[PDB]
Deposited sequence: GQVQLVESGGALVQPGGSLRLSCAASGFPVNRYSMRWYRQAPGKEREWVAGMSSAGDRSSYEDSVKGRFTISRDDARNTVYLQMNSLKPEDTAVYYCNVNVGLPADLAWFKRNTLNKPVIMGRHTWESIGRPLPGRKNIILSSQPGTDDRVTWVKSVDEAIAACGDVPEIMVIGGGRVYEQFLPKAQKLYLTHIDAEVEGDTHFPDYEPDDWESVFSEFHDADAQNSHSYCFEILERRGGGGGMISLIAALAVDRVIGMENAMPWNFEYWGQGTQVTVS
């Protein structure tokens, strides 16, 4: 039922302007984070621009910031991309992207990680597929890095060193990374999702008795959030920078086929912009 339909692509002269539209159906655009991507042949797709669900933050890749501006039309349930000072290298298929299923968890994750360094394993980096704005992104891999926009490290010790002298480091997944950082963690930020879903990755088997809950907030399933969910912050009974943040369904399920099973990603059909 969720549909994203882009229009507005055209042939434009260098230095010209264009406005793209994405007509959305099946969800209200002003209540989800929305992103634009583009892809030219022989190149990987790249994130272009995004706006947070709350509408209080927008982010752009360096080559388009200022030139491009993202906007959401409430009455038309449509997302726009205004594009100025267009260059031949802007030639690409442009399309919108949205995650649906549990937007409250993604807002909670953003609120609790902005302006902190995040550490993730290579599989989680591939699943997210874009640098998280406003955070230093640190990727664990035993192999050389493959993206200049983030910091690649080859060990737990290198990952922590790359965070520098900060008050808090957020470890954001996935299962293998959580297993190694849980014994160093002083705090767990957990979203518990009341969903029975198949998983191939689980959060590590921590002992609830060894943790004290200092924050607990219950929420109901609603029109946007498919299942009841709760936010919890635990502190280790009896100091350090490391915190884990994770969303757990029933039986500590966190992933399936390199995605979160309660999250559904949708992509538009694309519209071709040609600058010649």
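- Residues 1, 240-241 of the deposited sequence, counted from 1, carry no C-alpha coordinates in the model.
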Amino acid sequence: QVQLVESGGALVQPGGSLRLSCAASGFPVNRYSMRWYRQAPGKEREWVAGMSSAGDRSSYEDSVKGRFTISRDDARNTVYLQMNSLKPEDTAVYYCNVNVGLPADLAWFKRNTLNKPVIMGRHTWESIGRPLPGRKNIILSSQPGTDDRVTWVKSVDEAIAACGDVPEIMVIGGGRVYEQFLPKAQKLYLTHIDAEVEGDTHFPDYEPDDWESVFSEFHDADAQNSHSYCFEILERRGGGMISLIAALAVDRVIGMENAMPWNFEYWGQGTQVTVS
From here on, numbers count along this sequence of modelled residues.
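- The PDB entry reports B-factors from which the mean C-alpha value can be compared for 132-140 and 72-80; the larger average falls on 72-80.
- When 183-191 is weighed against 202-210, 202-210 comes out higher, by mean CA B-factor as recorded in the entry.
- Which of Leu234, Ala249, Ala223, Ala49 has the largest Cα B-factor in the deposited entry comes down to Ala223.
- Across the residues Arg38, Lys43, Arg35, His227, the deposited record lists the maximum Cα B factor for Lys43.
- Among the modelled residues of the chain, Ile254 sits in the lowest third by CA temperature factor in this PDB entry.
- In this PDB entry, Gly164 carries a Cα temperature factor that places it within the highest third of its chain's modelled residues.
- Sorting the modelled residues of the chain by their CA temperature factor places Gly145 in the middle third.
- Looking at the C-alpha B-factors along this chain, the one for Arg176 belongs to the lowest third.
- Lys110 sits in the middle third of its chain by CA B factor, as recorded in the PDB entry.
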